[PDB]
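*Asks:* Before anything else, here's the structure in question.
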Amino acid sequence: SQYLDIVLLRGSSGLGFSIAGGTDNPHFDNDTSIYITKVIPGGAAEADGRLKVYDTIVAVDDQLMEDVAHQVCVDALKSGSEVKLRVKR
Amino acid sequence: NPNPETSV
């Protein structure tokens, strides 16, 4: 529908958003995608302004997240002074 | 339950 690349500089509190989903822990019914579930006021992602709630995380750096477990994507995001996000919306 | 989530 629309793919976008977004680069975030990690802040003192991390990236300032939350995610749910994955092959091990779907967030919707029979949906394994990793979705953005919250963008925190005052965090790096909100300051950037581009990330939206329910964006699908397609890739983190050069690592695709389309059929992966939750903690895999978590490790990509949490470990990393600058992180390149490819998302779908 | 629905509350599994991770903040990053």
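Simple scheme: letters A, B, ... for chains in structure tokens order, numbers from 1 for residues in each chain, numbers from 1 for ligands in the order shown.
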Pull out every residue of chain B that has at least one atom within 6 Å of chain A, counting only C-alpha atoms, and report them as number ranges by chain.

*Replies:* B: 5-8

*Asks:* Generate the output file for the selected residues, N, CA, C and O atoms, as an mmCIF file, in the first residue's frame.

*Replies:*
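part18.cif, freshly written:
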data_model
loop_
_atom_site.group_PDB
_atom_site.id
_atom_site.type_symbol
_atom_site.label_atom_id
_atom_site.label_comp_id
_atom_site.auth_asym_id
_atom_site.auth_seq_id
_atom_site.Cartn_x
_atom_site.Cartn_y
_atom_site.Cartn_z
ATOM 1 N N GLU B 5 3.128 -6.637 25.062
ATOM 2 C CA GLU B 5 3.661 -5.495 24.330
ATOM 3 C C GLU B 5 5.079 -5.241 24.823
ATOM 4 O O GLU B 5 5.444 -5.624 25.935
ATOM 5 N N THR B 6 5.882 -4.595 23.984
ATOM 6 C CA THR B 6 7.234 -4.203 24.358
ATOM 7 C C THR B 6 7.447 -2.778 23.891
ATOM 8 O O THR B 6 7.195 -2.473 22.720
ATOM 9 N N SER B 7 7.891 -1.915 24.817
ATOM 10 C CA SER B 7 8.324 -0.557 24.511
ATOM 11 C C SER B 7 9.801 -0.577 24.168
ATOM 12 O O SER B 7 10.580 -1.290 24.807
ATOM 13 N N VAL B 8 10.178 0.200 23.151
ATOM 14 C CA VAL B 8 11.557 0.253 22.700
ATOM 15 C C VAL B 8 12.053 1.703 22.565
ATOM 16 O O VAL B 8 11.266 2.658 22.444
#

*Asks:* Can you check which residues of range 4-78 of chain A DSSP gives as strand (DSSP E) on the backbone and send them as a CSV table (one decimal) with C-alpha atoms, in the first residue's frame?

*Replies:*
chain,number,residue,atom,x,y,z
A,4,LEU,CA,8.5,4.2,3.9
A,5,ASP,CA,12.0,4.4,5.4
A,6,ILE,CA,12.4,6.3,8.7
A,7,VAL,CA,15.6,6.8,10.5
A,8,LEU,CA,15.5,7.5,14.3
A,9,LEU,CA,18.2,8.6,16.7
A,17,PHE,CA,7.3,3.7,20.8
A,18,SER,CA,5.9,0.2,21.6
A,19,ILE,CA,5.2,-2.8,19.4
A,20,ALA,CA,3.1,-6.0,19.6
A,21,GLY,CA,2.8,-9.0,17.4
A,34,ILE,CA,4.7,-6.6,14.0
A,35,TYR,CA,2.7,-3.4,14.5
A,36,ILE,CA,3.4,0.0,16.2
A,37,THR,CA,1.0,0.2,19.1
A,38,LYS,CA,1.9,3.5,20.8
A,39,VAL,CA,4.0,6.6,20.1
A,56,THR,CA,3.7,-2.5,10.2
A,57,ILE,CA,7.5,-3.0,10.8
A,58,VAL,CA,8.8,-4.4,7.5
A,59,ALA,CA,12.5,-4.2,8.3
A,60,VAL,CA,14.9,-3.0,11.0
A,63,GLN,CA,16.9,-7.3,8.8
A,64,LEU,CA,13.4,-8.2,7.6

*Asks:* Between CA of residue 51 in chain A and CA of residue 1 in chain B, measure the distance and give it in Å to one decimal.

*Replies:* 26.0 Å

*Asks:* Assign secondary structure with DSSP using the backbone only, and return the residues of chain A in alpha helix (DSSP H) as a ChimeraX atom specification.

*Replies:* /A:44-48,70-78

*Asks:* Name the residues in contact with residue 69 in chain A at a cut-off of 8 Å, using only C-alpha atoms, excluding same-chain residues fewer than 6 positions from it; report them as a count of residues only.

*Replies:* 4
